[PDB]
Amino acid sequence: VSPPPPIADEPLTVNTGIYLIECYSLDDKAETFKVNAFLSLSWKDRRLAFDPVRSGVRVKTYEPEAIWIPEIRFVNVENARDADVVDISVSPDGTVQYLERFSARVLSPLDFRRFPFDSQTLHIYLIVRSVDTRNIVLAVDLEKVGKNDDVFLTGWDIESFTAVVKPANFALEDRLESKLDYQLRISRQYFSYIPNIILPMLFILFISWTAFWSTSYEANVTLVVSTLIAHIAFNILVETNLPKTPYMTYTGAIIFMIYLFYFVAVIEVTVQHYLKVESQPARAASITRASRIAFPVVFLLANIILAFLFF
């Protein structure tokens, strides 16, 4: 079967729509999400026109093999979508209404700069390649673009699902390609990060600072080194959940900065001990008293500077 012939020199318009049924498995590391949706296609094929009196039916149902169907593909998928045709309906003028239900693993990059307070725009790019006989162009039928109310993405808030109505038409290997951009806007549910990572990490840091109210070097060494180890554990935990980014993330910056605080606390604890042994505890006392104020103040100001730079 060949494509529909034109009335003039006009391209064939395939009206599209995606209606999300299921949204799942947003893998932060892989920068992928799985979708289960309806793909709706509509175009005119005057060769399929018919008389309702003669045929008996007001609308004819065809099997995909029986008629010409445009080869619509997803750009940013891992493998070809698993699709099952739901219906193909032809009206007397030859207007075809195609519907399939598909599932696909979409590959859409994520911006981790503001993690875990980041928002993303996930993309689903629809594409059609023009044939030699006719040029095929994609369109968005907004009445056929939407999402189910129950659509839930674990750890994410689904904001909107809209399509950029004007396709990106371009040449690829001496043939026209019509590409549509469906955008799923989401924002991360940061809640859990507060009791699971952020607050535990702050508590261990604050525990290290109790060494500023102790003259016991042996005890101080234990306090700062132990909490440092707990921080390393949280750092490894965070980096196992996130991909390796060529930029600094907000959590990354905070986690890294905290190492410097542990490093300087070790210096302070060492300096204080050196002085006590050198029979200069008056000088050591001045440093320890200053550290009690300096450490929380510098920590608070640095965090303000970071939150400012990132948000």
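From 1 onward, residues are counted along the sequence shown.
Greater mean Cα temperature factor according to the PDB record, 183 to 191 or 213 to 221: Between 213 to 221 and 183 to 191, it is 213 to 221.
Stretch with the greater mean C-alpha B-factor as recorded in the entry, comparing 125 to 133 against 109 to 117: According to the entry, 125 to 133 carries the higher average C-alpha B-factor.
Report the option among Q272, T251, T245, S40 whose CA atom has the maximum B-factor in the deposited record. Spelled out: the listed residue with the top C-alpha B-factor is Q272.
Which one of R283, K29, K44, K34 shows the top CA temperature factor in the record? Going by the entry's C-alpha B-factors, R283 comes out highest.
Which third, lowest, middle or highest, does the CA B-factor of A168 fall in along this chain? For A168, the deposited C-alpha B-factor lands in the middle third.
Please place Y259 in the lowest, middle or highest third of its chain by C-alpha B factor as given in the entry. For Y259, whose C-alpha B-factor we compare with every modelled residue in the chain, the answer is the lowest third.
Sort the modelled residues of this chain by their C-alpha B factor and say whether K147 lands in the lowest, middle or highest third. It falls in the middle third of the chain.
Could you say whether, by C-alpha temperature factor, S160 belongs to the lowest, middle or highest third of its chain? For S160, whose C-alpha B-factor we compare with every modelled residue in the chain, the answer is the middle third.
Ranked against its chain, the third holding the CA B-factor of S208: Middle third - that is where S208 ends up once the chain's C-alpha B-factors are sorted.
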